[PDB]
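Chains as they are written, first to last, in the entry's author numbering: chain AG, 5 to 244; chain AE, 261 to 389; chain AH, 3 to 234; chain AK, 8 to 127, 134 to 241; chain AL, 4 to 241; chain AF, 294 to 439; chain AN, 1 to 191; chain AM, 5 to 244.
A virtual CB, placed ideally from N, CA and C, is assigned to each residue, including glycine.
This report refers to the structure that appears directly beneath it.
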Amino acid sequence: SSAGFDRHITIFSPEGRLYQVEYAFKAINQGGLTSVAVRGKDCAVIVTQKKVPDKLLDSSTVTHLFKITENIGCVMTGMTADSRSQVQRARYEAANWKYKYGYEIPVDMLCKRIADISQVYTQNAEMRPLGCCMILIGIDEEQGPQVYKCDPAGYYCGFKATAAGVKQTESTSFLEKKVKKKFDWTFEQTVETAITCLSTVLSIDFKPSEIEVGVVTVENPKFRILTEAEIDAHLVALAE
Amino acid sequence: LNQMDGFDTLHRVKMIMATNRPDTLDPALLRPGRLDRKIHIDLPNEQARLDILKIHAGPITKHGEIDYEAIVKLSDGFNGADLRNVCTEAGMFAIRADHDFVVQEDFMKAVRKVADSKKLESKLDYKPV
Amino acid sequence: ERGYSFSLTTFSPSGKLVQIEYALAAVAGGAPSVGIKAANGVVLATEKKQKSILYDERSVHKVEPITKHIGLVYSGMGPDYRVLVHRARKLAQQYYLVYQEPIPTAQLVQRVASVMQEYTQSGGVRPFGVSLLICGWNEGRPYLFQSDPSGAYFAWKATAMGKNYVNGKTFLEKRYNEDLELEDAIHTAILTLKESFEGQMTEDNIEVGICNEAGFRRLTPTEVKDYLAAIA
Amino acid sequence: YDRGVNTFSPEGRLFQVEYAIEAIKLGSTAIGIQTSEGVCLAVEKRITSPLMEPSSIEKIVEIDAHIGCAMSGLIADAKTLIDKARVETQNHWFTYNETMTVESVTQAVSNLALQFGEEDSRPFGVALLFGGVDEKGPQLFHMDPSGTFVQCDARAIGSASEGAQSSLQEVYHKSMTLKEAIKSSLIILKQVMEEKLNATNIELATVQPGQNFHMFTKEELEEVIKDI
Amino acid sequence: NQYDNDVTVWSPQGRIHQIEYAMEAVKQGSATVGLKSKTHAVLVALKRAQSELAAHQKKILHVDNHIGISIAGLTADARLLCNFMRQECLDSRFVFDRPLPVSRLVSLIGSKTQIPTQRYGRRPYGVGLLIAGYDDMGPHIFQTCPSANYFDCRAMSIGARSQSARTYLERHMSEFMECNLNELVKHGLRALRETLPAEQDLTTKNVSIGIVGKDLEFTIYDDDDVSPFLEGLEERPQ
Amino acid sequence: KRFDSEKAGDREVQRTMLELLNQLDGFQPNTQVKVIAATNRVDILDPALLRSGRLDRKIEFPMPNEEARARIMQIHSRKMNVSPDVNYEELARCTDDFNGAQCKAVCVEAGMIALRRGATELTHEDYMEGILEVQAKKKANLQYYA
Amino acid sequence: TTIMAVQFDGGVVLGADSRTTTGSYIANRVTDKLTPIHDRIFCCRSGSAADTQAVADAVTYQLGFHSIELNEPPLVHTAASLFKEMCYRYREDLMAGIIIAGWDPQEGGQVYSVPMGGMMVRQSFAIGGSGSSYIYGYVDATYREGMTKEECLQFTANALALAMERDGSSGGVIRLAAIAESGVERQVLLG
Amino acid sequence: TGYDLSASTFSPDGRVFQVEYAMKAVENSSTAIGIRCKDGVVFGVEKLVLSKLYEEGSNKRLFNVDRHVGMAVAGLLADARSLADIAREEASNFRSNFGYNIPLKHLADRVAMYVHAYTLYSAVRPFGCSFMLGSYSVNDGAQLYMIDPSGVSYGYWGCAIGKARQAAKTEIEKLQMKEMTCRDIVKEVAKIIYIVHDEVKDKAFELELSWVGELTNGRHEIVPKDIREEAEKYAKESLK
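This is the structure in structure tokens:
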């Protein structure tokens, strides 16, 4: 069901499909990574693991969690360089928000802008669709915590607990069962789930060094990266 | 297919089936009744890789020093076959060193390198379901 | 870019436009939506359903009002949709700055129609996969218009975009008619969007925007479950 | 294999340029001669019908006072090179109040020979021969589409180029005299023409240090015909 | 072979065939050998002509008082990069009022030749450049390539069967750093004379020679200028 | 193995290949009589071919090196009469992208024009000659590069 | 108008007047010349107010973005460097009463001066504005090396008080800014 | 079929082969490794002698980008020199607007952004270069970064480029990162480079050692090979 250059460029197939973006959404899984986002009542938690093949690797350089603004954290997926370019575009555009409007960006409109930029990336036939995916958090006025996910289809969306990537499709199926029921959410409840879902998906049950936990809350509104110590505290806390 | 569509009681007979790709098998075989269960092999976890490495380290005489977590850290995404061929590659590389008992440093060298050659020839291991 | 800029859309042996046909197919695969223009004003009723109960419908809207008197819905692909919506949003303003007056529905469809037209023929870029249904109330008489990937436009008392739009189109042909009040238009719009809807319908499974001659209004899930409870 | 028109051959070199070298093989043939007395050049017009007006064909126009030139193959492609070269010489006369040497016009063309490309258009398919008198006297030059230049003594182009260069290097020497080279050249010309020789078939391009300009005219030519 | 279309494409082995075919464009030029001693630097080039009366086409061309160059390949890019070369010379020669150190100059050659080696619908330059010059550290003999990677040598050669000239180079080229200009020049033509098939000279007008020295300004030498250099030669064996 | 139905006309043949993988899988006795395989291109393969009983030691065979090229070519010319002046260095460097088989072709051409020359013994100009003969191809003309 | 910046051991101290007027008319009874560019770096401005606000907002932009990229606190010399750049660039167009000071994690308290010409220099203390004219001579001999934070606060209060007493432009009330590792502390004094 | 041509194009596997080809083309270059000690960073390069061919001390892949920052590159040489102009000018810009030494992280991030930016378009080609980057400061310490033709910028204590890579970085685990001083890592890397790369693969070669850190007071240059001359002394005796 394909004719012409449509597999090499961005146009519509006999059925209306375009192969580039569906090659991108599977161009995310090359990283072999796992992205987990959970939102609590007053807090929002991000957790991601990493792979350390060499002892020459610096644990501080391969960290996959990036702080865009004081109150705004983020996590990427897919290939790396695309993620970095996305990250400087993000930080850049936030700073332009503060310069133009003088107040802090809600970060939702940031997903809108980054999304539209991804659409411009899908449009031109002589440019590459840039298949990295983006997930964000933050705090807004009377909205509590929020989560949003920008994908390289030129769109954004954000929910309670969301995960996208290699093994994340089943982690949503575990998730919806964990979220409801009626489950209410504390901070250590959403951290604990942040470990569990990845566990039952992987079941490696391992050192706290490989995972990286990003967090935001309305107590300290600023984004924060957790130290391995307190992480291990939650780790022996979830093991009873 | 019509002998699994019986007209007959197949309770007493068992059937086990193995193939590369569960794609061309047609919906008739993919349909329960005829084929009730579906089970796959997956790439062994470093736990199971550890274990099969243990049982493959048994028959081979080794030097007093043995550390399996070296090979477990280094070997990732191999088949169980590729792992036992990695052990045999260690020993048959160690026939050059002519030592009877062989250190796991030679195993780290030959296992690591030749194993990564297997991973350069590992092209297109990604199969349907 | 590289300055190649050659229009990738040529004429078929019969003269038809391949990529525009395929974009029309992508719209046909869009979400089921409807709109009805009758009596007091226009009523637009779309369908937004979550692929998973994790999704939160309080976040993104399918209905994005251009001005207090003019709304808008769509079918097809949101990525393009949001884009051209930002475009028209910006575009009504220049008209305002000039005349200091709300831009008429007809004129919106004119200028956006031209943007989409040139956007087909533009250099080395696909057309949109979106077909818009625009509502508006001006000069006492409301209006309902429809766009297409090629930029052409029409006018309807009621219509549909998305899957089954021919079927539900014929349903709207017989049942809907004349001019009837917002309550009636909403009723039959919930019937016809209830046709292709899933087994369950909730306040968050759909969205209903209304164009009064007092001005456009976006209804909340509160009123959505109020009138539809008691569905149809 | 349609590739970028700028692509080298596997052997190799530019495709379209090496083909433009073949583009001249079919054009009108001409023969110039450099001799201490002066440069004499000659071409065959290759006329078809009585419709064809004989004076409307010129393969030779005098670029400057002391510089003549000949062409080959395509014509209106050469017109631009000719005119713009006249501009270059005249600007040389602007700055330096002298005569731009015959040798500097050469590179003043062949330096802009290949500018063609798409971004940042088609190469020229016309060969040229430069006659003229600088401070060292008579100079006959030869250039190609690719811009490669070499100075000759008696050079041929066109369809007859090969055998005319053979029989030419057969009949040449450095002690030549002007009319001797003229008639010796039109000997080869009347061996390489299909129609009988007349006043219309050819035109002569002649330049000498003090004999000028000249250029050349018919009815001198009409005498040189029967002078054979 | 469709992946050899333009420069942009990386081959399945990772080698752009455009630059390779440009190298093969360089190998067709007439052989020339540049060389230097601990003091003086010399380059020698052999002309080739189209016919008898057609002038033997020159190679060695002067650039700046302290820097001359040899050449092979397209005459177009030769005169072009030569003009850009005059520019570069009068640049520092203008602002700084000093000559140009060869090193940074040739890196400027690499930067100028770099961009066409990548952008879509562009070509490299067919180049047989051999550069000789004197900064405060004395002699230099460089060489270029269409890939824009330059080498610094005591003696190098390009063109047809110029590796045979190197097979003459290896032996005596430890001695080339010692002797003065004259016998160094006859060492040079002893390097070029094997690029000819053994049945023909090596005459006067068919060869071009250039020398530059520490206190000696770069000068081209041809015909009567090389007649002293061509005399006192022993003929090759049979 | 192609991809999907229909049809692989070799599906029976490659099926027999997977039967060789059964003789290497469900049955051990093939532990005797080692079977060696060779392929000019590794492009298409049964990805299951990776194993010690299956394809194990896998070696890329590169282009020979100028040392090895002049060595093996010297092994092809070692029987023939050669005038004792050959660099093997000159032509070893003159071997670029050559296959060792094209070094054989260099020898074979050396004998070929060695015939028409009438010379009873092979010479170096003959070597470089045959080199030019087989590689690289032809022809165009000498021009524009001066 | 009048501004004062002094570095003590653990950091720096800033203060300035409030009253900013145009000609004879009293425009704003209270106006703050200390602009919190970043948490640890302030600046005190004079001259045309719009130019100072615009430049300060622009270096707040570029600076904040740069430090967010650094993932590290910015340097005082880096903050003044951009003011030097933009000032010297437009030095024909604008006016610079800008003096910059702040505490740094690496170097502690530092002060930098940017006059109208666009040059940048670091001093033990800085002064600017039209009111400083009469206070040069007093503040020069009144100064003493090795000032603790208190002696700095009382010092600057005296200097600014005399300034606002004599010159007509400097007037209104006095705002003080104490910047150290413990964080920024401000207040407003009279008497 | 056509999916290998343009870097703008995806592939049925969701990646670009232009980057693969370019990558494995860098693998053909001579092995050049690097390592960082506690007081600095030790660069090392193996330059091959092919025929004679020409004068020693030419076209060395060791470059100097800044007063404290330099290059050790591998792969296509011209594009690497071009990247040396790039980073050179970038450090000139940081010096221009700010006036102190560029933190290595941002420099490598900019070069990574360019290298990434040339992988998205069929106008240019993916870069045929991969290089080592290292720097030292007292307010920073000894940092090393490794950049790939795809544009991923991270860091190591040591890394390996060129043909011999994994077998070369293997025994580098014996070199201790902190404990070992840099003057000793000179002869260490000397023994790695001399001991690796068997002499039959390339009949003759040489060793180049560049160095930056505390011993030279931040200045990055070649720790002179005639200084200490410890390679040959030790490396010749180290074959047994």
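So that I know if they touch, is there some Cβ in chain AN lying closer than 9 Å to that of AG:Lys-182?
Cβ-Cβ to chain AN under 9 Å: no for AG:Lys-182.
Any Cβ of chain AK within less than 9 Å of the Cβ of AF:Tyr-437?
yes
Inter-residue CB distance, AK:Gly-160 and AK:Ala-120 (contact presumed, cutoff 8 Å):
3 Å
Under 8 Å (Cβ pairs) to chain AM, residues found in the segment 357 to 380 of chain AE
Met-368, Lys-369, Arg-372, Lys-373, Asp-376
With a cut-off of 9 Å, does the C-beta of AL:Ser-33 fall near any C-beta of chain AF?
Interface residue, yes.
With three or more beta-carbon pairs closer than 8 Å as the criterion, would you say the segment 63 to 71 of chain AN touches the segment 99 to 117 of chain AN?
No, they do not touch.
Just confirm the distance between the C-beta atoms of AL:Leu-111 and AL:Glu-91, as a whole number of angstroms; I'd bet it's less than 8 Å.
6 Å
Contact set between the segment 31 to 47 of chain AG and chain AM, restricted to residues whose Cβ is under 9 Å from the partner
If the cut-off is 9 Å between Cβ atoms, the segment 31 to 47 of chain AG has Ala-31, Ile-32, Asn-33, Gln-34 near chain AM.
Mark AN:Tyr-136 as exposed unless 16 or more other C-beta atoms lie within 10 angstroms of its C-beta, in which case mark it buried.
exposed
In whole angstroms, give me the CA-to-CA distance for AK:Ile-195 and AK:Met-59.
Approximately 26 Å, taken between the alpha carbons.
Given this structure, state the Cα-to-Cα distance separating AK:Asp-84 from AK:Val-112, to the nearest angstrom.
18 Å
Taking only three categories from DSSP, how would you classify AF:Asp-419?
helix
Answer with yes or no whether the minimum CB distance from AN:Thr-60 to chain AM is below 9 Å.
Output row for AN:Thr-60: interface = no.
Are the beta-carbon atoms of AN:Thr-52 and AN:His-38 separated by less than 9 Å?
no
Please report the straight-line C-alpha distance between AH:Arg-91 and AH:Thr-194, rounded to a whole angstrom.
Distance from the CA of AH:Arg-91 to the CA of AH:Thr-194, rounded to the nearest whole angstrom, comes to 29 Å.
Which residues of chain AL have a Cβ atom closer than 7 Å to the Cβ of AK:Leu-121, listed in chain order?
Under the 7 Å cutoff, chain AL gives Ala-79.
Residues of chain AE with CB closer than 8 Å to the CB of AF:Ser-345, please, in chain order.
In chain order: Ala-341, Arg-344, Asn-345, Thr-348, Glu-349.
Looking at chain AM, is there any beta carbon in it that lies within less than 9 Å of the beta carbon of AN:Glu-181?
no
Considering only the alpha carbon of each residue, which of AG:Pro-57, AG:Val-40, AG:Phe-16, AG:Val-220 lies closest to AM:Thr-174?
Of the candidates AG:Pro-57, AG:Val-40, AG:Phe-16, AG:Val-220, the one whose C-alpha sits nearest the C-alpha of AM:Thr-174 is AG:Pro-57.
Considering Cα atoms alone, identify which of AH:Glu-183, AH:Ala-216, AH:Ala-160, AH:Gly-142 is closest to AH:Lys-176.
AH:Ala-160
Determine the DSSP secondary structure at AL:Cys-182, reduced to helix, strand or coil.
coil
Which residues in chain AG sit within 9 Å of AM:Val-156, going by Cβ to Cβ distance?
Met-83, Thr-84, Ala-85, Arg-88
Can you name, in chain order, every residue of its own chain whose Cβ lies under 6 Å from the Cβ of AK:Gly-80, other than the five neighbours on each side?
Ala-30, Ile-31, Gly-34, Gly-138, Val-139
Name the DSSP beta bridge partners of AH:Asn-166, please?
AH:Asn-166 is not bridged to any residue.
Three or more beta-carbon pairs under 8 Å between the segment 121 to 139 of chain AL and the segment 166 to 183 of chain AL, yes or no?
Between the segment 121 to 139 of chain AL and the segment 166 to 183 of chain AL, the count of Cβ pairs shorter than 8 Å is below three; the stretches do not touch.
What does AM:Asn-101 reach in chain AN if we use C-beta pairs closer than 8 Å?
Those within 8 Å of AM:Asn-101 in chain AN are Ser-81, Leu-82, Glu-85.
Measuring straight from C-alpha to C-alpha, what distance separates AM:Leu-179 and AL:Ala-75?
Cα to Cα, the separation comes out at about 50 Å.
Where does AF:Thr-388 land, buried or exposed, given buried means 16+ other C-beta within 10 angstroms?
buried
Considering only residues of the same chain and omitting the five flanking positions on each side of AH:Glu-59, which have a CB-CB separation below 6 Å?
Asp-206
By DSSP, does AH:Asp-228 sit in helix, in strand, or in coil?
Residue state, collapsed to three classes: helix.
Within 10 angstroms of its Cβ, does AK:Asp-90 collect 16 or more other Cβ (buried), or is it exposed?
exposed
Contact list for AM:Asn-143 against chain AN, beta-carbon separation under 7 Å
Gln-106
If the criterion is Cβ atoms closer than 9 Å, does the pair AM:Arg-65 and AM:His-224 meet it?
no
Could you round the C-beta distance between AN:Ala-80 and AN:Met-120 to whole angstroms and report it? I think they count as a contact, below 8 Å.
Confirmed, Cβ separation roughly 5 Å.
Please look up how many angstroms separate the CB atoms of AH:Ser-35 and AH:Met-163, rounded, as I've assumed it's under 8 Å.
5 Å
Quickly, what does DSSP pair AK:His-155 with across the bridge? List them, please.
AK:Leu-142, AK:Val-163.
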